[PDB]
$ cat my_file_2.pdb   # PDB, N, CA and C atoms
ATOM      1  N   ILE W   1      -2.571  26.616  12.308  1.00  0.00           N
ATOM      2  CA  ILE W   1      -3.399  26.310  11.148  1.00  0.00           C
ATOM      3  C   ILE W   1      -2.502  25.988   9.966  1.00  0.00           C
ATOM      4  N   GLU W   2      -1.505  26.845   9.747  1.00  0.00           N
ATOM      5  CA  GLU W   2      -0.532  26.600   8.692  1.00  0.00           C
ATOM      6  C   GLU W   2       0.407  25.455   9.054  1.00  0.00           C
ATOM      7  N   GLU W   3       0.819  25.367  10.324  1.00  0.00           N
ATOM      8  CA  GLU W   3       1.500  24.171  10.804  1.00  0.00           C
ATOM      9  C   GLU W   3       0.578  22.963  10.786  1.00  0.00           C
ATOM     10  N   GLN W   4      -0.678  23.139  11.197  1.00  0.00           N
ATOM     11  CA  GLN W   4      -1.686  22.089  11.131  1.00  0.00           C
ATOM     12  C   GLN W   4      -2.064  21.748   9.691  1.00  0.00           C
ATOM     13  N   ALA W   5      -1.798  22.644   8.737  1.00  0.00           N
ATOM     14  CA  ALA W   5      -1.751  22.243   7.335  1.00  0.00           C
ATOM     15  C   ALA W   5      -0.461  21.515   6.993  1.00  0.00           C
ATOM     16  N   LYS W   6       0.663  21.967   7.553  1.00  0.00           N
ATOM     17  CA  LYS W   6       1.953  21.343   7.277  1.00  0.00           C
ATOM     18  C   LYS W   6       2.016  19.941   7.870  1.00  0.00           C
ATOM     19  N   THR W   7       1.609  19.791   9.130  1.00  0.00           N
ATOM     20  CA  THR W   7       1.774  18.485   9.747  1.00  0.00           C
ATOM     21  C   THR W   7       0.691  17.496   9.335  1.00  0.00           C
ATOM     22  N   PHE W   8      -0.506  17.948   8.941  1.00  0.00           N
ATOM     23  CA  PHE W   8      -1.500  16.983   8.478  1.00  0.00           C
ATOM     24  C   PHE W   8      -1.208  16.540   7.051  1.00  0.00           C
ATOM     25  N   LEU W   9      -0.532  17.388   6.276  1.00  0.00           N
ATOM     26  CA  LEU W   9       0.055  16.928   5.026  1.00  0.00           C
ATOM     27  C   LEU W   9       1.387  16.222   5.253  1.00  0.00           C
ATOM     28  N   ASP W  10       1.755  15.978   6.517  1.00  0.00           N
ATOM     29  CA  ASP W  10       2.900  15.135   6.835  1.00  0.00           C
ATOM     30  C   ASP W  10       2.486  13.941   7.694  1.00  0.00           C
ATOM     31  N   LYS W  11       1.364  14.046   8.425  1.00  0.00           N
ATOM     32  CA  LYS W  11       0.921  12.923   9.254  1.00  0.00           C
ATOM     33  C   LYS W  11      -0.044  12.015   8.496  1.00  0.00           C
ATOM     34  N   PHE W  12      -0.650  12.510   7.404  1.00  0.00           N
ATOM     35  CA  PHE W  12      -1.386  11.639   6.486  1.00  0.00           C
ATOM     36  C   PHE W  12      -0.457  10.603   5.859  1.00  0.00           C
ATOM     37  N   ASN W  13       0.838  10.930   5.768  1.00  0.00           N
ATOM     38  CA  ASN W  13       1.878   9.992   5.386  1.00  0.00           C
ATOM     39  C   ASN W  13       2.004   8.835   6.349  1.00  0.00           C
ATOM     40  N   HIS W  14       1.713   9.042   7.636  1.00  0.00           N
ATOM     41  CA  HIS W  14       1.730   7.941   8.588  1.00  0.00           C
ATOM     42  C   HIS W  14       0.577   6.984   8.327  1.00  0.00           C
ATOM     43  N   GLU W  15      -0.494   7.482   7.708  1.00  0.00           N
ATOM     44  CA  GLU W  15      -1.543   6.642   7.160  1.00  0.00           C
ATOM     45  C   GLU W  15      -1.194   6.107   5.782  1.00  0.00           C
ATOM     46  N   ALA W  16      -0.117   6.592   5.161  1.00  0.00           N
ATOM     47  CA  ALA W  16       0.047   6.328   3.739  1.00  0.00           C
ATOM     48  C   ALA W  16       1.487   6.124   3.293  1.00  0.00           C
ATOM     49  N   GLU W  17       2.432   5.792   4.179  1.00  0.00           N
ATOM     50  CA  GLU W  17       3.661   5.268   3.593  1.00  0.00           C
ATOM     51  C   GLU W  17       3.377   3.842   3.172  1.00  0.00           C
ATOM     52  N   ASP W  18       2.559   3.171   3.980  1.00  0.00           N
ATOM     53  CA  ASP W  18       1.999   1.880   3.642  1.00  0.00           C
ATOM     54  C   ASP W  18       0.936   1.989   2.558  1.00  0.00           C
ATOM     55  N   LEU W  19      -0.079   2.836   2.757  1.00  0.00           N
ATOM     56  CA  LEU W  19      -1.215   2.857   1.844  1.00  0.00           C
ATOM     57  C   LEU W  19      -0.900   3.508   0.508  1.00  0.00           C
ATOM     58  N   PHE W  20       0.271   4.128   0.363  1.00  0.00           N
ATOM     59  CA  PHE W  20       0.788   4.295  -0.984  1.00  0.00           C
ATOM     60  C   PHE W  20       1.626   3.106  -1.420  1.00  0.00           C
ATOM     61  N   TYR W  21       2.714   2.791  -0.701  1.00  0.00           N
ATOM     62  CA  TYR W  21       3.701   1.854  -1.238  1.00  0.00           C
ATOM     63  C   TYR W  21       3.197   0.417  -1.236  1.00  0.00           C
ATOM     64  N   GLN W  22       2.435   0.005  -0.220  1.00  0.00           N
ATOM     65  CA  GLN W  22       1.859  -1.339  -0.285  1.00  0.00           C
ATOM     66  C   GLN W  22       0.673  -1.409  -1.241  1.00  0.00           C
ATOM     67  N   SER W  23       0.252  -0.272  -1.796  1.00  0.00           N
ATOM     68  CA  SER W  23      -0.526  -0.273  -3.024  1.00  0.00           C
ATOM     69  C   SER W  23       0.348  -0.045  -4.249  1.00  0.00           C
ATOM     70  N   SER W  24       1.567   0.464  -4.061  1.00  0.00           N
ATOM     71  CA  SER W  24       2.477   0.764  -5.160  1.00  0.00           C
ATOM     72  C   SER W  24       3.509  -0.325  -5.421  1.00  0.00           C
ATOM     73  N   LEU W  25       4.000  -1.000  -4.377  1.00  0.00           N
ATOM     74  CA  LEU W  25       4.545  -2.343  -4.559  1.00  0.00           C
ATOM     75  C   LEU W  25       3.508  -3.274  -5.167  1.00  0.00           C
ATOM     76  N   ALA W  26       2.235  -3.068  -4.821  1.00  0.00           N
ATOM     77  CA  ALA W  26       1.133  -3.759  -5.473  1.00  0.00           C
ATOM     78  C   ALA W  26       0.798  -3.153  -6.831  1.00  0.00           C
ATOM     79  N   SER W  27       1.252  -1.928  -7.109  1.00  0.00           N
ATOM     80  CA  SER W  27       1.165  -1.437  -8.479  1.00  0.00           C
ATOM     81  C   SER W  27       2.208  -2.093  -9.360  1.00  0.00           C
ATOM     82  N   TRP W  28       3.302  -2.566  -8.760  1.00  0.00           N
ATOM     83  CA  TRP W  28       4.369  -3.143  -9.560  1.00  0.00           C
ATOM     84  C   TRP W  28       3.983  -4.515 -10.101  1.00  0.00           C
ATOM     85  N   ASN W  29       3.404  -5.382  -9.260  1.00  0.00           N
ATOM     86  CA  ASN W  29       3.248  -6.797  -9.613  1.00  0.00           C
ATOM     87  C   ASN W  29       2.211  -7.039 -10.711  1.00  0.00           C
ATOM     88  N   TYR W  30       1.562  -5.983 -11.202  1.00  0.00           N
ATOM     89  CA  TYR W  30       0.819  -6.032 -12.454  1.00  0.00           C
ATOM     90  C   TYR W  30       1.727  -6.363 -13.634  1.00  0.00           C
ATOM     91  N   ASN W  31       3.012  -6.021 -13.529  1.00  0.00           N
ATOM     92  CA  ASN W  31       3.846  -5.849 -14.705  1.00  0.00           C
ATOM     93  C   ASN W  31       4.822  -6.987 -14.961  1.00  0.00           C
ATOM     94  N   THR W  32       4.966  -7.938 -14.042  1.00  0.00           N
ATOM     95  CA  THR W  32       5.890  -9.037 -14.298  1.00  0.00           C
ATOM     96  C   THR W  32       5.290 -10.091 -15.222  1.00  0.00           C
ATOM     97  N   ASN W  33       3.987 -10.021 -15.480  1.00  0.00           N
ATOM     98  CA  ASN W  33       3.255 -11.072 -16.165  1.00  0.00           C
ATOM     99  C   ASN W  33       2.042 -10.434 -16.836  1.00  0.00           C
ATOM    100  N   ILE W  34       1.387 -11.184 -17.721  1.00  0.00           N
ATOM    101  CA  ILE W  34       0.052 -10.782 -18.137  1.00  0.00           C
ATOM    102  C   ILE W  34      -0.855 -11.199 -16.991  1.00  0.00           C
ATOM    103  N   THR W  35      -1.055 -10.272 -16.064  1.00  0.00           N
ATOM    104  CA  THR W  35      -1.999 -10.399 -14.968  1.00  0.00           C
ATOM    105  C   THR W  35      -2.632  -9.032 -14.770  1.00  0.00           C
ATOM    106  N   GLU W  36      -3.960  -8.983 -14.818  1.00  0.00           N
ATOM    107  CA  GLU W  36      -4.687  -7.731 -14.644  1.00  0.00           C
ATOM    108  C   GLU W  36      -5.124  -7.548 -13.194  1.00  0.00           C
ATOM    109  N   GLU W  37      -5.393  -8.658 -12.517  1.00  0.00           N
ATOM    110  CA  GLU W  37      -5.819  -8.622 -11.123  1.00  0.00           C
ATOM    111  C   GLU W  37      -4.957  -7.662 -10.310  1.00  0.00           C
ATOM    112  N   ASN W  38      -3.765  -7.370 -10.820  1.00  0.00           N
ATOM    113  CA  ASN W  38      -2.843  -6.465 -10.145  1.00  0.00           C
ATOM    114  C   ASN W  38      -3.178  -5.002 -10.410  1.00  0.00           C
ATOM    115  N   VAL W  39      -3.535  -4.697 -11.654  1.00  0.00           N
ATOM    116  CA  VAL W  39      -3.880  -3.335 -12.040  1.00  0.00           C
ATOM    117  C   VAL W  39      -4.811  -2.695 -11.015  1.00  0.00           C
TER     118      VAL W  39
END
$ encode --input "my_file_2.pdb" --output "structure tokens"
Amino acid sequence: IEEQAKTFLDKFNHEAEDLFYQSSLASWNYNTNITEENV
């Protein structure tokens, strides 16, 4: 349960190294220009 808390707070990362960073690399491109579509 505690490991299943540890690993699900580590395997959600397998759903979200992309779904953070490919939203966070996408958080970046708001800032090179006056473009809001990025925000």
$ atom_distance --input "my_file_2.pdb" --atom1 "CA of residue 17 in chain W" --atom2 "atom N of residue 38 in chain W"
20.6 Å
$ atom_distance --input "my_file_2.pdb" --atom1 "CA of residue 7 in chain W" --atom2 "CA of residue 19 in chain W"
17.8 Å
$ atom_distance --input "my_file_2.pdb" --atom1 "CA of residue 29 in chain W" --atom2 "atom C of residue 8 in chain W"
29.0 Å
$ decode --input "my_file_2.pdb" --residues "chain W" --atoms "C-alpha atoms" --output "PDB file, in the first residue's frame"
ATOM      1  CA  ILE W   1       0.000   0.000   0.000  1.00  0.00           C
ATOM      2  CA  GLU W   2       2.830   2.337   0.931  1.00  0.00           C
ATOM      3  CA  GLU W   3       4.897   0.954  -1.951  1.00  0.00           C
ATOM      4  CA  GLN W   4       1.719   1.133  -4.064  1.00  0.00           C
ATOM      5  CA  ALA W   5       1.597   4.758  -2.933  1.00  0.00           C
ATOM      6  CA  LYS W   6       5.302   5.099  -3.768  1.00  0.00           C
ATOM      7  CA  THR W   7       5.163   3.451  -7.168  1.00  0.00           C
ATOM      8  CA  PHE W   8       1.873   5.019  -8.308  1.00  0.00           C
ATOM      9  CA  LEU W   9       3.376   8.389  -7.460  1.00  0.00           C
ATOM     10  CA  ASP W  10       6.250   7.146  -9.644  1.00  0.00           C
ATOM     11  CA  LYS W  11       4.311   5.355 -12.417  1.00  0.00           C
ATOM     12  CA  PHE W  12       1.965   8.328 -12.953  1.00  0.00           C
ATOM     13  CA  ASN W  13       5.215   9.862 -14.243  1.00  0.00           C
ATOM     14  CA  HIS W  14       5.117   7.299 -17.054  1.00  0.00           C
ATOM     15  CA  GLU W  15       1.825   8.968 -17.955  1.00  0.00           C
ATOM     16  CA  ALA W  16       3.364  12.376 -17.365  1.00  0.00           C
ATOM     17  CA  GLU W  17       6.977  12.842 -18.332  1.00  0.00           C
ATOM     18  CA  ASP W  18       5.321  13.648 -21.626  1.00  0.00           C
ATOM     19  CA  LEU W  19       2.079  15.087 -20.234  1.00  0.00           C
ATOM     20  CA  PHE W  20       4.039  17.473 -18.103  1.00  0.00           C
ATOM     21  CA  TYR W  21       6.951  18.392 -20.379  1.00  0.00           C
ATOM     22  CA  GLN W  22       5.128  18.272 -23.720  1.00  0.00           C
ATOM     23  CA  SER W  23       2.701  20.608 -21.994  1.00  0.00           C
ATOM     24  CA  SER W  24       5.670  22.445 -20.424  1.00  0.00           C
ATOM     25  CA  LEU W  25       7.751  22.698 -23.569  1.00  0.00           C
ATOM     26  CA  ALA W  26       4.328  23.898 -24.718  1.00  0.00           C
ATOM     27  CA  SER W  27       4.311  26.202 -21.698  1.00  0.00           C
ATOM     28  CA  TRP W  28       7.502  27.732 -23.049  1.00  0.00           C
ATOM     29  CA  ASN W  29       6.385  28.714 -26.571  1.00  0.00           C
ATOM     30  CA  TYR W  30       3.913  31.225 -25.109  1.00  0.00           C
ATOM     31  CA  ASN W  31       6.906  33.394 -24.335  1.00  0.00           C
ATOM     32  CA  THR W  32       8.961  33.855 -27.508  1.00  0.00           C
ATOM     33  CA  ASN W  33       6.301  36.148 -29.005  1.00  0.00           C
ATOM     34  CA  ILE W  34       3.069  37.932 -28.231  1.00  0.00           C
ATOM     35  CA  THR W  35       1.065  34.744 -28.692  1.00  0.00           C
ATOM     36  CA  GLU W  36      -1.622  33.703 -26.214  1.00  0.00           C
ATOM     37  CA  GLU W  37      -2.701  30.517 -27.991  1.00  0.00           C
ATOM     38  CA  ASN W  38       0.286  29.056 -26.145  1.00  0.00           C
ATOM     39  CA  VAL W  39      -0.783  30.061 -22.637  1.00  0.00           C
TER      40      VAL W  39
END
